[PDB]
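Undergrad: One structure, as structure tokens, below. Some questions next.
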Amino acid sequence: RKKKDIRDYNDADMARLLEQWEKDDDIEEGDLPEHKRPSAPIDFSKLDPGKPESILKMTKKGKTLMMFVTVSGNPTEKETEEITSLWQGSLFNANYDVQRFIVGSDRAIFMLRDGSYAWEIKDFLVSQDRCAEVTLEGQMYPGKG
């Protein structure tokens, strides 16, 4: 196995849907009181501004990516697919900073626009071996320029 067991950055996050297989409901919570996000350029080191109008006109999807889970039983395949979307946002930040891992009857997920910075808290986060939090918003393009 490997925390970086990604399919060359595509839609591995969707794999989380497998969690539904358990349906043990180890946790009763899952959704937290989220809200709008700050609109501004965010990157790990520096973005690549001054881009052409073609690319920009091509498509624009700026959103914040942040989710932490590590338990058995997560019936939310639908919401999973939505994760792939937020992934695009991380691109503008650095270059897709998401990690996935599967062990036993429980799976853990971790996605952040920065990644490295999150790796710090991720230590204790995954160490808990029991967490169910999710956060996804897209107001005023919270991240991507």
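Each chain in the structure tokens gets a letter, A, B and so on, in the order shown; residues start at 1 in every chain, and ligands are counted from 1 in the order they appear.
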Find the residues near residue 84 of chain A: any atom within 6 Å, counting only C-alpha atoms, skip ones fewer than 3 places away on the same chain, and give them as a PyMOL selection string.

TA: chain A and resi 11+81+87

Undergrad: Neighbouring residues of residue 33 of chain A were defined as those with any atom within 12 Å, considering only C-alpha atoms; residues of the same chain fewer than 3 positions away were excluded. Please report them as an MDAnalysis selection string.

TA: chainID A and resid 29:30 36 133:137

Undergrad: Mind dumping the selected residues with N, CA, C and O atoms as a PDB file, in the first residue's frame?

TA:
```pdb
ATOM      1  N   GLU A  29     -22.161  11.416  13.389  1.00  0.00           N
ATOM      2  CA  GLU A  29     -21.972  12.716  12.756  1.00  0.00           C
ATOM      3  C   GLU A  29     -21.324  12.564  11.383  1.00  0.00           C
ATOM      4  O   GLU A  29     -21.021  11.454  10.947  1.00  0.00           O
ATOM      5  N   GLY A  30     -21.114  13.689  10.706  1.00  0.00           N
ATOM      6  CA  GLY A  30     -20.504  13.661   9.390  1.00  0.00           C
ATOM      7  C   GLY A  30     -20.462  15.029   8.740  1.00  0.00           C
ATOM      8  O   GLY A  30     -19.475  15.388   8.098  1.00  0.00           O
ATOM      9  N   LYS A  36     -19.518  30.171   3.568  1.00  0.00           N
ATOM     10  CA  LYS A  36     -18.794  30.727   2.432  1.00  0.00           C
ATOM     11  C   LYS A  36     -17.297  30.785   2.718  1.00  0.00           C
ATOM     12  O   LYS A  36     -16.873  30.731   3.873  1.00  0.00           O
ATOM     13  N   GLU A 133     -15.318  14.255   9.170  1.00  0.00           N
ATOM     14  CA  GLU A 133     -15.564  15.661   8.871  1.00  0.00           C
ATOM     15  C   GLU A 133     -15.439  15.927   7.373  1.00  0.00           C
ATOM     16  O   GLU A 133     -14.615  15.321   6.689  1.00  0.00           O
ATOM     17  N   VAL A 134     -16.265  16.840   6.871  1.00  0.00           N
ATOM     18  CA  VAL A 134     -16.248  17.189   5.455  1.00  0.00           C
ATOM     19  C   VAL A 134     -16.522  18.674   5.252  1.00  0.00           C
ATOM     20  O   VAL A 134     -17.358  19.263   5.939  1.00  0.00           O
ATOM     21  N   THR A 135     -15.813  19.277   4.302  1.00  0.00           N
ATOM     22  CA  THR A 135     -15.980  20.695   4.008  1.00  0.00           C
ATOM     23  C   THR A 135     -15.753  20.980   2.528  1.00  0.00           C
ATOM     24  O   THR A 135     -14.672  20.724   1.994  1.00  0.00           O
ATOM     25  N   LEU A 136     -16.777  21.511   1.868  1.00  0.00           N
ATOM     26  CA  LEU A 136     -16.688  21.832   0.448  1.00  0.00           C
ATOM     27  C   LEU A 136     -17.585  23.015   0.101  1.00  0.00           C
ATOM     28  O   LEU A 136     -18.800  22.961   0.287  1.00  0.00           O
ATOM     29  N   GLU A 137     -16.977  24.083  -0.408  1.00  0.00           N
ATOM     30  CA  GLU A 137     -17.722  25.280  -0.783  1.00  0.00           C
ATOM     31  C   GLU A 137     -17.117  25.931  -2.023  1.00  0.00           C
ATOM     32  O   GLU A 137     -15.959  25.691  -2.361  1.00  0.00           O
TER      33      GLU A 137
END
```

Undergrad: A:54, A:95, A:144, A:68: which is nearest residue 127 of chain A, counting only C-alpha atoms?

TA: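 Checking each of A:54, A:95, A:144, A:68 against residue 127 of chain A, counting only C-alpha atoms, the winner is A:68.
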
Undergrad: My list of candidates is A:63, A:112, A:102, A:88. Which is closest to residue 1 of chain A when distances are computed with only C-alpha atoms?

TA: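 Of A:63, A:112, A:102, A:88, the one nearest residue 1 of chain A is A:102, counting only C-alpha atoms.
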
Undergrad: Based on DSSP run over this structure's backbone, return all residues of segment 65-110 of chain A in helix (DSSP H, G or I), as a list in words.

TA: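 Output for segment 65-110 of chain A, helix (DSSP H, G or I) only: residues 77, 78, 79, 80, 81, 82, 83, 84, 85, 86, 87, 88, 89, 90, 91, 92 and 93 of chain A.
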
Undergrad: Show me a table, sorted first by chain and then by increasing residue number, of the residues of segment 87-123 of chain A having an atom at most 9 Å from segment 46-53 of chain A, each with its shortest atom pair and the distance in Å to one decimal, counting only C-alpha atoms and written as a Markdown table.

TA:
```
| residue | atom | partner | partner_atom | distance |
| --- | --- | --- | --- | --- |
| A:92 | CA | A:47 | CA | 6.8 |
| A:93 | CA | A:47 | CA | 6.8 |
| A:94 | CA | A:47 | CA | 7.6 |
```

Undergrad: Produce a file of the selected residues containing N, CA, C and O atoms, as a CSV table (one decimal), in the first residue's frame.

TA:
```
chain,number,residue,atom,x,y,z
A,92,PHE,N,-4.8,24.9,-9.1
A,92,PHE,CA,-4.4,26.3,-9.0
A,92,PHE,C,-3.5,26.6,-7.8
A,92,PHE,O,-2.6,27.4,-7.9
A,93,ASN,N,-3.8,25.9,-6.7
A,93,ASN,CA,-3.0,26.1,-5.5
A,93,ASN,C,-1.6,25.6,-5.7
A,93,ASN,O,-0.6,26.4,-5.6
A,94,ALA,N,-1.4,24.4,-6.0
A,94,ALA,CA,-0.1,23.8,-6.2
A,94,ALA,C,-0.1,22.8,-7.4
A,94,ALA,O,0.4,23.1,-8.5
```

Undergrad: Determine which residues of chain A DSSP labels as strand (DSSP E) from the backbone of this structure, then write them out as a PyMOL selection string.

TA: chain A and resi 64-71+98-103+106-112+132-137

Undergrad: With a distance cut-off of 7 Å and only C-alpha atoms, select the neighbouring residues of residue 70 of chain A, excluding the residue or stretch itself and same-chain residues fewer than 3 positions from it, and output the selection as a PDB file with N, CA and C atoms, in the first residue's frame.

TA:
```pdb
ATOM      1  N   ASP A 106     -12.199  -0.185   7.316  1.00  0.00           N
ATOM      2  CA  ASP A 106     -12.345   1.265   7.384  1.00  0.00           C
ATOM      3  C   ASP A 106     -11.342   1.956   6.465  1.00  0.00           C
ATOM      4  N   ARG A 107     -11.763   3.067   5.869  1.00  0.00           N
ATOM      5  CA  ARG A 107     -10.904   3.821   4.965  1.00  0.00           C
ATOM      6  C   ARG A 107     -10.790   5.276   5.409  1.00  0.00           C
ATOM      7  N   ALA A 108      -9.651   5.893   5.111  1.00  0.00           N
ATOM      8  CA  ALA A 108      -9.417   7.284   5.478  1.00  0.00           C
ATOM      9  C   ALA A 108      -9.164   8.143   4.244  1.00  0.00           C
ATOM     10  N   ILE A 109      -9.630   9.387   4.290  1.00  0.00           N
ATOM     11  CA  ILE A 109      -9.454  10.309   3.175  1.00  0.00           C
ATOM     12  C   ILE A 109      -8.884  11.642   3.648  1.00  0.00           C
ATOM     13  N   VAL A 126      -5.080  11.498  11.246  1.00  0.00           N
ATOM     14  CA  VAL A 126      -5.153  10.076  10.937  1.00  0.00           C
ATOM     15  C   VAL A 126      -4.853   9.230  12.169  1.00  0.00           C
ATOM     16  N   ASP A 129      -7.733   7.745  14.230  1.00  0.00           N
ATOM     17  CA  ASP A 129      -8.328   6.484  13.803  1.00  0.00           C
ATOM     18  C   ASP A 129      -9.838   6.494  14.024  1.00  0.00           C
ATOM     19  N   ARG A 130     -10.422   7.688  14.027  1.00  0.00           N
ATOM     20  CA  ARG A 130     -11.858   7.836  14.229  1.00  0.00           C
ATOM     21  C   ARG A 130     -12.287   9.289  14.046  1.00  0.00           C
ATOM     22  N   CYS A 131     -12.550   9.669  12.801  1.00  0.00           N
ATOM     23  CA  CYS A 131     -12.967  11.032  12.489  1.00  0.00           C
ATOM     24  C   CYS A 131     -13.872  11.057  11.262  1.00  0.00           C
ATOM     25  N   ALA A 132     -14.846  11.961  11.269  1.00  0.00           N
ATOM     26  CA  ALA A 132     -15.779  12.088  10.158  1.00  0.00           C
ATOM     27  C   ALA A 132     -16.156  13.546   9.920  1.00  0.00           C
TER      28      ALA A 132
END
```

Undergrad: Report the distance between atom CA of residue 26 of chain A and atom CA of residue 123 of chain A in Å, rounded to one decimal place.

TA: 21.3 Å

Undergrad: Separation of atom CA of residue 89 of chain A and atom CA of residue 28 of chain A, in Å?

TA: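 Computing the Euclidean distance for atom CA of residue 89 of chain A and atom CA of residue 28 of chain A yields 29.3 Å.
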
Undergrad: With only C-alpha atoms as the basis for distance, which of A:99, A:125, A:118, A:142 is at the shortest distance from residue 6 of chain A?

TA: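 Closest to residue 6 of chain A, using only C-alpha atoms: A:99.
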
Undergrad: Taking only C-alpha atoms into account, name the residue in A:71, A:64, A:3, A:31 that is nearest to residue 83 of chain A.

TA: A:64

Undergrad: For segment 15-25 of chain A, please output as a PyMOL selection string all residues within 6 Å (counting only C-alpha atoms; exclusion window: fewer than 6 positions along the same chain).

TA: chain A and resi 73-75+77+80

Undergrad: Contacts of residue 140 of chain A at 10 Å or less, counting only C-alpha atoms, minus same-chain residues fewer than 5 places along, as an NGL selection string?

TA: :A and (36-40 or 62-63 or 145)

Undergrad: Store the residues of this selection in a file with N, CA and C atoms, as a compact mmCIF listing (two decimals), in the first residue's frame.

TA:
```
# COMPACT_ATOMS: atom_id res chain seq x y z
N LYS A 36 -19.52 30.17 3.57
CA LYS A 36 -18.79 30.73 2.43
C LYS A 36 -17.30 30.78 2.72
N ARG A 37 -16.50 30.90 1.66
CA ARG A 37 -15.05 30.96 1.80
C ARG A 37 -14.51 32.28 1.25
N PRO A 38 -13.29 32.64 1.66
CA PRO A 38 -12.64 33.88 1.23
C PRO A 38 -12.23 33.83 -0.24
N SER A 39 -12.49 34.91 -0.97
CA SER A 39 -12.16 34.98 -2.38
C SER A 39 -10.81 35.67 -2.58
N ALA A 40 -9.81 34.89 -2.99
CA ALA A 40 -8.47 35.41 -3.23
C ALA A 40 -7.53 34.33 -3.73
N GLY A 62 -13.28 27.42 -9.57
CA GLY A 62 -12.51 27.60 -8.35
C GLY A 62 -13.30 27.26 -7.11
N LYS A 63 -12.79 26.32 -6.32
CA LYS A 63 -13.45 25.90 -5.09
C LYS A 63 -12.44 25.44 -4.05
N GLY A 145 -8.04 31.27 -9.40
CA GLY A 145 -8.21 32.62 -9.90
C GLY A 145 -9.18 32.68 -11.06
```

Undergrad: Rounded to one decimal in Å, what is the spacing between atom CA of residue 9 of chain A and atom CA of residue 104 of chain A?

TA: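 Distance between the two atoms: 23.8 Å.
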